[PDB]
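Secondary and tertiary structure notes
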Amino acid sequence: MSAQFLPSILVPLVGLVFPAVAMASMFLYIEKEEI
Amino acid sequence: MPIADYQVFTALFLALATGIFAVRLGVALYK
Amino acid sequence: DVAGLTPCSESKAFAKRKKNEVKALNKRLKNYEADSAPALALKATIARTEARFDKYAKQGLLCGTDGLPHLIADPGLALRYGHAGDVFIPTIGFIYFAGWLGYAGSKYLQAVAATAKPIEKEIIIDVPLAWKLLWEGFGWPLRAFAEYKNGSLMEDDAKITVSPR
Amino acid sequence: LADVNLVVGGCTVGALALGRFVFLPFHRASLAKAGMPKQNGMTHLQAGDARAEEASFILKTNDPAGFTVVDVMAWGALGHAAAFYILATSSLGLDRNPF
Amino acid sequence: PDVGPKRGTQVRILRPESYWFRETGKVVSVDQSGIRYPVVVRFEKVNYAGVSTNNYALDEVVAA
Amino acid sequence: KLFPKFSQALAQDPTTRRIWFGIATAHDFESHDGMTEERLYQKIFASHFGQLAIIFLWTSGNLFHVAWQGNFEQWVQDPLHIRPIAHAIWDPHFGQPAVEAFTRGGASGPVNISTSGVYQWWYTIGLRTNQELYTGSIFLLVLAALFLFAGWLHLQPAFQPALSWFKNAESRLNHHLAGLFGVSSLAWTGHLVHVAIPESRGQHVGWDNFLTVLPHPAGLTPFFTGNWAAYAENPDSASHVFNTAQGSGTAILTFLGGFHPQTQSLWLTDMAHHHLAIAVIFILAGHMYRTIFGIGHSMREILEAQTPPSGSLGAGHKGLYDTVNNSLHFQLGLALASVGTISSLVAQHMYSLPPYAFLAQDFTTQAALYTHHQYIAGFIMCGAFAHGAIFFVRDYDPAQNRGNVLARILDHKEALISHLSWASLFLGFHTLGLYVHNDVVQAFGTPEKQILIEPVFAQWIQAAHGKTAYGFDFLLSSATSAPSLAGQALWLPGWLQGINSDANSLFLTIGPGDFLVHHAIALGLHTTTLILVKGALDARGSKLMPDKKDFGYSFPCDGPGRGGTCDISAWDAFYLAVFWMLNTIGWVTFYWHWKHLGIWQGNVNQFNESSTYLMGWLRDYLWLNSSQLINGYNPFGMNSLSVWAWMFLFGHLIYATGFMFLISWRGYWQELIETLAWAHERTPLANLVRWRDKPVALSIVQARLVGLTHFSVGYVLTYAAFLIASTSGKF
Amino acid sequence: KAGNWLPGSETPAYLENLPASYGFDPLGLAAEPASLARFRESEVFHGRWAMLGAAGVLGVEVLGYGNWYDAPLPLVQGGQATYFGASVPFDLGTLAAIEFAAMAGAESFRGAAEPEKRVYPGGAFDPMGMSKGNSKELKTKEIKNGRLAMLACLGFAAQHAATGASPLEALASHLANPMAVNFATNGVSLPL
Amino acid sequence: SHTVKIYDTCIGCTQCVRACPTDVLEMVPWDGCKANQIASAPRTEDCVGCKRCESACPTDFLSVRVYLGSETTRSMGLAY
Ligand code: CLA
Ligand code: CLA
Ligand code: CLA
Ligand code: CLA
Ligand code: CLA
Ligand code: CLA
Ligand code: CLA
Ligand SMILES: CC1=C(/C=C/C(C)=C/C=C/C(C)=C/C=C/C=C(C)/C=C/C=C(C)/C=C/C2=C(C)CCCC2(C)C)C(C)(C)CCC1
Ligand code: SF4
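Residues numbered from 1 in each chain as written, not as in the entry; some residues may be left out. Chains lettered and ligands numbered in written order. Part of a larger assembly, values for the part shown. Heavy atoms only, no water.

This part is about the site of ligand 7. All names here are of chain F. Looking at ligand 7, the residues that line it are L653, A656, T657, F659, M660, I663, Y668, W669 and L672. One nitrogen or oxygen atom from the side chain of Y668 is found 2.4 Å from an oxygen atom belonging to ligand 7. Sort the elements by how many residues they give to the shell around ligand 7 and helix 26 (residues 642-663) lands first, with six residues. Considered class by class, the residues forming the shell around ligand 7 number eight nonpolar, one polar and no charged. (Near = heavy atom within 4 Å. Polar contact = N/O pair within 3.5 Å; in protein donor to acceptor, adjacent residues only side chain to side chain. Helix = DSSP H or I, 4+ residues; strand = E, 2+ residues; numbered from the N terminus. Nonpolar A, V, L, I, M, F, W, Y, C, P; charged D, E, K, R; others polar.)

On to the pairing of strand 4 (residues 53-56) of chain E. All names here are of chain E. Only one face of strand 4 is covered, namely the one carrying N54 and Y56; the face carrying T53 and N55 has none of its residues buried. In this sheet, strand 4 lies alongside strand 3 (residues 39-42) in antiparallel orientation, the contact comprising four bridges. For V41, the partnering residue across the bridge sits in strand 4 and is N54. (Buried < 20%, exposed > 50% of the residue type's maximum accessible area, 1.4 Å probe, protein only. Pairing = 2+ DSSP bridges.)

Taken residue by residue, the interface counts 37 residues in chain D and 34 residues in chain F. Here chain D and chain F share an interface that buries about 2,800 Å² over both sides, 58% of which is from carbon and sulfur atoms. Between chain D and chain F we count zero salt bridges in total. Counting every contact that joins chain D to chain F gives ten residue pairs in polar contact. Of all the elements in the fold, those that place two or more residues in the side of chain D that touches chain F are helix 2 (24-34), strand 1 (38-39), helix 3 (44-47), helix 4 (56-59) and helix 5 (69-91) of chain D. When residues in the side of chain D that touches chain F are grouped by element, the largest group, seven residues, is from helix 5 of chain D. (Contact = heavy atoms within 4.5 Å. Buried area = accessible area lost by both parts, 1.4 Å probe. Salt bridge = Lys/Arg side-chain N within 4 Å of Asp/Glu carboxyl O.)

In this section: the pattern of salt bridges. Using the criterion set out here, one finds 40 salt bridges over all chains in the structure. In this structure, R18(F) engages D693(F) in a salt bridge whose closest nitrogen and oxygen atoms are separated by 3.0 Å. Here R18(F) is found in helix 2 (residues 17-24), whereas its partner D693(F) is found in the loop between helix 27 (668-681) and helix 28 (700-730), with 675 residues between them in sequence. A salt bridge links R394(F) to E30(F); its shortest N-O distance comes to 3.8 Å. Residue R394(F) is located in helix 15 (residues 363-394), and its partner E30(F) is located in the loop between helix 2 and helix 3 (37-69); the two are separated by 364 residues in the primary sequence. Among the charged side chains, a network of salt bridges with common partners joins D547(F), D558(F), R562(F), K51(H), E54(H) and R65(H).

Geometrically, a packed helix pair is captured by the angle between its two axes and the distance between the axes. All names here are of chain G. Running from amino to carboxyl end, helix 1 (residues 33-62) crosses helix 3 (residues 135-162) at an angle of 55°, the nearest separation of the two axes being 7 Å. On the basis of the axis angle, helix 1 is oblique to helix 3. The hand of the helix 1/helix 3 crossing is left-handed. Mapping the contact onto sequence places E43, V44, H46, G47, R48, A50, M51, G53, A54, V57 and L58 in helix 1 and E142, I143, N145, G146, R147, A149, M150, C153 and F156 in helix 3. (Axes fitted to C-alpha atoms, helices over the stretch in contact; angles between N-to-C directions. Parallel < 35°, antiparallel > 145°, perpendicular 65-115°, else oblique. Left-handed = near helix turned anticlockwise from the far one by under 90°.)

Residues and elements named next belong to chain C. A contiguous nonpolar patch, built from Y96, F97, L101, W131, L134, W135 and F138 and spanning about 750 Å² of accessible area, is present on the exposed surface. Contributing elements (two or more residues each) for the nonpolar patch: helix 3 (88-113) and helix 4 (127-136). In this structure, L134 sits in helix 4. (Patch = residues over 30% accessible without salt bridge, like charges linked within 9 Å, V, L, I, M, F, W, Y side chains within 5 Å. Areas by Shrake-Rupley, 256 points an atom, 1.4 Å probe, with all protein chains shown as cover.)

The next thing to look at is the interface of chain D and chain G. Put simply, an interface is often sized by how much accessible area is lost when its parts join up. The interface of chain D with chain G comprises six residues on the first partner and ten residues on the second. Between chain D and chain G, roughly 610 Å² of surface is buried when both sides are summed, and carbon and sulfur atoms account for 77% of that area. It is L18(D), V22(D) and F99(D) in chain D that bury the most area against chain G; as a group they hold 58% of the surface buried on that side. At the boundary of chain D with chain G, the tally comes to zero salt bridges. If you look at where chain D meets chain G, you find zero residue pairs in polar contact. Taken together, the residues of the side of chain D that touches chain G break down into five nonpolar, one polar and no charged.

Turning our eyes to something else, we now look at helix 24 (residues 614-625) of chain F. Residues and elements named next belong to chain F. Taking 1.5 Å of rise per residue, twelve residues should cover 16 Å, and helix 24 covers 16 Å from first to last C-alpha, within 8% of that figure. Those residues of helix 24 not exposed but buried are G616, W617, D620, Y621 and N625. Along helix 24, the residues classed as buried sweep out an arc of 110° about the axis, all on the same side. Buried residues belonging to helix 24 abut helix 17 (413-443), helix 21 (512-537), helix 22 (570-600), helix 23 (604-610), helix 25 (627-630) and helix 28. (Expected span 1.5 Å × (residues − 1). Arc of directions from axis to C-beta.)

Right, let's talk about the UniProt feature "binding site: chlorophyll a 2" (unreviewed entry) in chain G for a bit. UniProt feature "binding site: chlorophyll a 2" (unreviewed entry): in the numbering of this structure it lies at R38(G). As for its placement among the helices and strands, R38(G) is situated in helix 1. (UniProt positions renumbered as here; feature names shortened; annotations may be inferred.)

Glancing now at the site of ligand 3. Residues and elements named next belong to chain F. Taken together, 14 residues are adjacent to ligand 3, and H48, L52, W165, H175 and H176 come closest. Within the residue set of the shell around ligand 3, elements represented by two or more residues are helix 3, helix 8 (163-166) and helix 9 (169-200). Among the elements that take part in the shell around ligand 3, helix 9 stands out by supplying five residues, more than any other.

Bringing the side chain of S477(F) into the picture now. Residue and element names in this part refer to chain F. Of note, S477 is situated in the loop between helix 18 (456-464) and helix 19 (482-487). One polar contact links the side chain of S477 to the main-chain carbonyl oxygen of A463, over a distance of 2.8 Å. Only 2.8 Å separates the side chain of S477 from the backbone nitrogen of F474, close enough to count as a polar contact.

All names here are of chain G. According to UniProt, the feature "binding site: chlorophyll a 3" (unreviewed entry) maps to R38 and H46 in the numbering used here. Assignment of secondary structure puts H46 in helix 1. Owing to a relative accessible area of 48%, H46 belongs among the partly exposed residues under this scheme.

The final tally for this structure, using the stated rule, is 81 aromatic pairs over all chains. Centroid distance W600(F) to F731(F): 5.8 Å. Interplanar angle 80°. Geometry classified as edge-to-face. Of this pair, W600(F) sits in helix 22 while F731(F) sits in the segment after helix 28, and the two are 131 residues apart along the sequence. Classification of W600(F) as buried rests on a relative accessible area of 18%. The structure contains a cluster of three or more aromatic residues connected by ring pairs, namely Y375(F), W571(F), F574(F), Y575(F), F579(F), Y655(F), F659(F), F711(F) and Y715(F). Above the face of the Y30(B) ring, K5(F) is positioned so that its terminal group lies 4.8 Å from the ring centre. Its guanidinium or amino end placed over the ring of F45(G), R110(G) lies 3.8 Å from that ring's centre, counting from NZ or CZ. (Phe/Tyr/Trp six-rings, centres within 6.5 Å; stacked < 30°, edge-to-face > 60°. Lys NZ or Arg CZ within 6 Å of the ring centre and 35° of its normal.)

Here it is as structure tokens:
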């Protein structure tokens, strides 16, 4: 298919980088104490 | 004729713009 | 025939099923002296199977594409085709016996309600009274229709307790 | 299947005349009984839907029987629908008759 | 003079939130002091809590 | 401790509950602090905009992945010998053999084979190349962005619509009936005529040349001259080849009925004419209610006049307009009921009357689509009844609804509940009894003692449609009857040809097994409705809890007093009915799958003889068809069906987990967690870490929700794995 | 009243002062006053229309111009229906349109009138001045003839739908041998 | 922080106040019943929600009525 490299970069972004960052931000926000 | 790389990149960039619109609407809803 | 169902006495698959089931029992027979208790049991079983298959063919039950009897559950489409013994007649028979038991129980409840300890006459049944009411329950169509035409069968909802809406 | 002009024109003029001369009393009576829609006892205008304010070009007309332009358009729409039923059905040539 | 139903008579409960709504019960006493609910009614059948005696007012205890 | 911004009561919670309940109450706007009707309606409106953006993004993603990683161009040439590709697989845990085993439909790397039937849909509606799919994806991406911008725009006080604008029901019905339904289907007819029809006859019509192509050789003159029959002159020949111009024809609005011989689907001109008729009807219906032009209907006056004399209904429908209009849960329940029943309609028609080319030819797609829409419909029906219960608990006013049909149906709720109880008891007793009797007499080697009732009523109705197989010769099966003489020149040739052929699913032949299964389905529907209706009506108060509406829709219990009051709330009625909905839809899908699995292999006999007893279901369906599924991975390797075997065991695990929450209850867990808290506060090197939230066991209602969610997810995953791996394995 | 349809019985009280009343209301369809008023108007109008219909069905056949069932057939599958033997140059479309217009005008004028003037409007509809001299008796005659004619028109429909004959032909066929060609001999009315 | 209410159908039998394990209910003088005493719930900050009070009331329907609501450390019964 075209851009054979692209899944190899996007999949780790959405299954590892984005989940870790989103979970860290969510856990910071639910404990933000003063929003 | 498979779609070329620049089409993929234009699509991804427009998706980023749409994501920006989405986050604006989300923070509006949270308010 | 009522709906593409040839009478089992005509269907070849029905007779084929008869044949195969009997042949299985014959194969089971061919292992014992034809005078031993197992042999007598097998012979009685084969006689019972043959009698059943002849009885089913005699009564004109309907067999399908496979060789299995089918029943008809519509009055009129079973009464004009000679198949009222399939569902309609047993319907009458059940409805009668079920109503008999239900009416006997209902009248026993209404008879022991007006006593000293009605909650006692349910765990320690009065057998003579139960038996008398069980005998009187046979006329339940008559007595039940009398009570409906009388209005004493049912109770007006103004007296039955209800939930707070 | 004989002249679109005659059938559609005659049907529409007939429907206009039938809604202006014949069905108008019952139409006005039913409209007076029904009235504007109400939510919780007040019209949509009183509740605050200023777009539910009645169109001004229908409140006062000049027809002596009160036949407004929107009435004209509804009755003309019915007339055209009936006329084109006539045309499209006469255009076909098939045995629909259950006999 | 005595107020409310007589002692020993049968009454029909009319409190919609009571377990014995529209069911009969016998009066075992009627207090004369001035309580809100002085009528004391005894039923044969128990409720969910296992009790069979309840106090009702006078407007919600139609006799017979 | 300020995460639940919308609920001050939960913010002050010192435990972990504040998180859990802080998530599950995020969309219940009516329960939020400081909430007005205006603000509620505005927030809801913006949330709807977000939902449409989500839907458009999801469909754009489907299109993009098929255009990018799918083999659509290849599939167009050989629609019957190519497996449609969904998306590519990029997983760094795969071994080499799995990469070998997942390279299938000709793609360069591992891929997923699509079972959604989008290839058939896009092929049927005119899309032929991948550039068109990409153009659709880009257009839909932009459209989702536009809907997002509108959703933000109308949240603004310069553009925020007033509450009285939302409650304007006559204008909304006018615009949804005439505009959202009428003009939308009119434009779909325009697409079909201008694009899908010519693209079905080899001609290419696109944005480049659609203004230079006549959809009809005498365009627009028959339409405006009333000579409309000229648009159905020469239809598609019975030897037409789809996508090509071998006996194509010029008719655009035909009414042939039946099926296309090659695609085994509905004629496309039939669907174009369908949507034209639908458009006209829906526009006419959209001109019914009164807006600002002095004509139309006031729905309130219609409701106020539907009161029968003699007072059989009481006050009739007096006060129903305000009841529906003011309550959003009443409207939500009505919409959910309609949408769920229409989902069931979609599932039940799309298999018997397949509308897409080379659909029904592909078997896994049929089963997947049917089961998908059936499960969706079951869930939506449970939701409709849940929101009816919520309406009764929350928005029901006895004073306004006094004497109307709503009050009258609350008045005699015991009759309804008792008669549902009788119907369900009868159906269960008797269907189980017949199954057990057949099963026992089969067990004793005498299958001829089986009670095999014939479905003569359903067979009679089938015969009324022109099925000349049961010899009823009734309505359309009698070539001499009035309905037969009427339609013999319009629609009846093709329709009768389709119905009388056993090559399709149009009106399958039914025997005693169909009778037994339909009565099982009846038992399921009646018992699920019993649970839901009882919980909806018995929601304002019972004899056990006469003041239940004082506690709300959801609450645990009422203590252990008065004998015990577990699962007493209406939410618990919804909870208990979800299980029955799952079971009933499982029966429906089991029946459909086995009937059609017998159909597709030509072996109708297996079902027709083995479906009258339950061991036939256990052995000839579940056990027999599970051979390839459980052999997906084994000590000798694996194949493409390894993912479905893993998903099979995965669903089993999830469902078995859900039993833990369903059986064990909060009280063992609290003491256990509390001993664990002692262990943690009290061990070296870990005292340096403390919890910000006091760890407490899940609440009662929350645990019921968790167990039910696990149960449903496991049920769905297990059946989906079995269905896909049992249909795609054999076909 | 005068009459009682079930001699030994009790009649509903709302059916007394009405002309041609027999107490016949076993379903209580007139238990309400407004409903009974509408029903009375509708009964009289139905009686009039059915008298005209029965008279037409009999007079097209006794005069000899085909039966009522085959009268509209020639208009389809050809054209120019026949009246008195003549031929109208009108098609079904113009017939339907002219009837719709005329009947709309007539029944819109009738429907907008007063309650009693919607059923018994003498005025110019009694040129022979017969409504005088106590019309109550005349109203009873009209109602009873209307009831007979209504039942006769329903009989025309059902007899033609069952045996496929024509009114006078069915009459003659029954008269020829009543004990063996009544409704109990066709295979339709009696499912035997 | 559960909402405990006492209604006038109370007969002052003292069962609800002996039942409670956290001392939330109490006896106060009254005059609308023969015992001349009614229950009251002053210390409702201590209500855990056990509904032992509500399971001991003999009146039909119940006079002491508990409505579980917001949860705190005292209401959730946490020792850790
Ligand atoms: C909402 C529909 C949808 C879904 C379910 C998926 C699913 C998937 N995509 Mg995809 N994508 C979509 C839309 C969607 N996409 C659209 C519209 C585009 C056009 C720009 C793309 C472009 C795209 C590319 C280029 C790639 C994928 C890839 C993938 C796969 C890996 C996920 C990933 O890491 O990529 C990340 C996905 C993105 C960076 C953009 C997707 C953004 C969508 C619209 C998110 C929408 C949010 C959703 C509706 C709401 C869920 C709530 C959530 C926010 C918590 C995965 C199966 C990768 C793949 O092929 O794996 C092999 C890959 O490289 N997608
Ligand atoms: C003689 C006693 C009696 C009678 C007259 C009835 C009558 C009725 N029952 Mg009922 N029932 C009974 C006992 C009885 N029941 C018992 C003991 C139970 C506990 C298992 C139930 C549980 C029950 C349920 C759950 C339901 C009914 C329902 C109904 C109604 C529908 C008819 C039906 O098919 O019910 C079905 C009958 C059964 C399910 C079991 C019958 C029990 C046995 C067979 C009868 C008992 C006979 C007694 C022990 C013998 C005494 C004889 C005397 C000489 C001592 C009907 C009015 C249904 C309803 O709601 O009304 C619409 C309903 O859903 N019943
Ligand atoms: C012409 C005027 C018009 C139009 C086009 C719309 C259109 C719309 N309105 Mg709106 N509205 C209008 C006027 C209009 N409105 C007016 C005048 C008012 C004030 C009274 C409102 C007040 C209003 C509110 C308060 C809301 C909307 C909402 C919506 C959206 C409905 C949700 C949806 O998209 O589902 C689409 C539904 C369909 C397309 C019809 C589906 C038909 C059935 C279900 C299925 C049949 C189709 C077929 C079988 C499926 C096969 C296709 C398959 C192959 C894919 C929709 C886009 C809602 C919304 O979403 O907010 C943005 C909402 O909250 N409107
Ligand atoms: C709304 C959908 C739609 C749209 C946008 C179009 C658009 C077009 N059609 Mg088409 N068409 C449609 C539906 C549609 N059609 C349907 C449903 C059918 C029958 C099944 C046809 C059959 C058809 C034929 C046979 C032909 C066209 C042709 C054309 C093109 C020439 C313009 C024209 O027709 O002359 C101008 C139109 C008029 C002078 C009068 C039309 C006004 C109508 C009667 C009322 C409009 C109100 C309407 C409800 C508004 C809806 C709003 C919506 C458009 C958003 C044009 C681009 C012609 C062509 O050249 O092909 C390229 C051609 O011959 N169409
Ligand atoms: C148009 C559809 C629709 C809409 C708008 C609503 C709207 C609403 N519902 Mg409702 N409902 C619906 C359909 C709908 N419902 C259906 C179809 C059902 C049947 C299941 C229900 C059953 C239902 C109940 C029982 C309740 C509501 C409630 C509510 C209100 C609050 C929702 C909430 O608490 O958010 C919170 C959302 C969640 C907690 C999501 C829970 C997580 C889901 C259920 C499962 C997640 C597992 C996941 C899918 C697994 C991943 C798969 C993978 C691992 C394989 C709200 C106004 C509540 C209410 O009104 O309060 C009185 C209420 O108790 N609904
Ligand atoms: C295989 C499991 C199973 C079975 C058989 C049932 C069966 C039943 N459920 Mg149930 N249900 C189940 C699972 C099951 N459920 C689960 C997992 C849930 C989620 C908690 C529910 C939740 C649920 C609810 C909420 C309701 C039911 C109801 C019912 C009854 C519906 C009426 C009926 O169908 O009559 C048919 C009767 C039968 C099928 C029972 C068989 C008769 C027996 C076997 C004959 C006795 C033979 C012999 C004498 C047995 C004793 C021998 C032994 C002592 C030695 C029925 C008895 C509804 C109800 O109460 O009905 C009014 C009700 O509302 N169910
Ligand atoms: C398949 C269903 C199921 C499962 C998985 C469990 C699991 C468990 N039960 Mg349970 N139970 C069940 C059914 C189940 N039960 C049912 C039906 C009942 C009703 C009788 C009970 C009643 C019950 C009681 C009374 C108790 C338990 C206890 C436990 C826990 C014991 C600790 C353990 O087993 O070690 C480890 C856990 C597992 C092996 C679960 C599988 C997890 C996998 C193998 C590894 C996890 C890594 C994961 C895959 C990666 C994360 C992925 C990422 C996306 C998050 C455990 C988590 C006991 C407890 O609380 O602890 C002592 C306890 O006393 N159960
Ligand atoms: C609880 C509640 C609720 C909810 C409810 C629901 C959910 C309901 C439903 C239901 C449903 C979901 C239903 C359904 C239905 C349907 C029907 C009932 C129908 C029908 C039809 C017919 C009758 C047909 C006919 C025909 C035929 C026969 C065939 C051909 C065609 C025709 C058309 C002819 C509410 C809130 C609202 C209220 C209160 C509470
Ligand atoms: S066991 Fe649980 S649900 Fe049942 S009464 Fe006790 S606390 Fe409530």
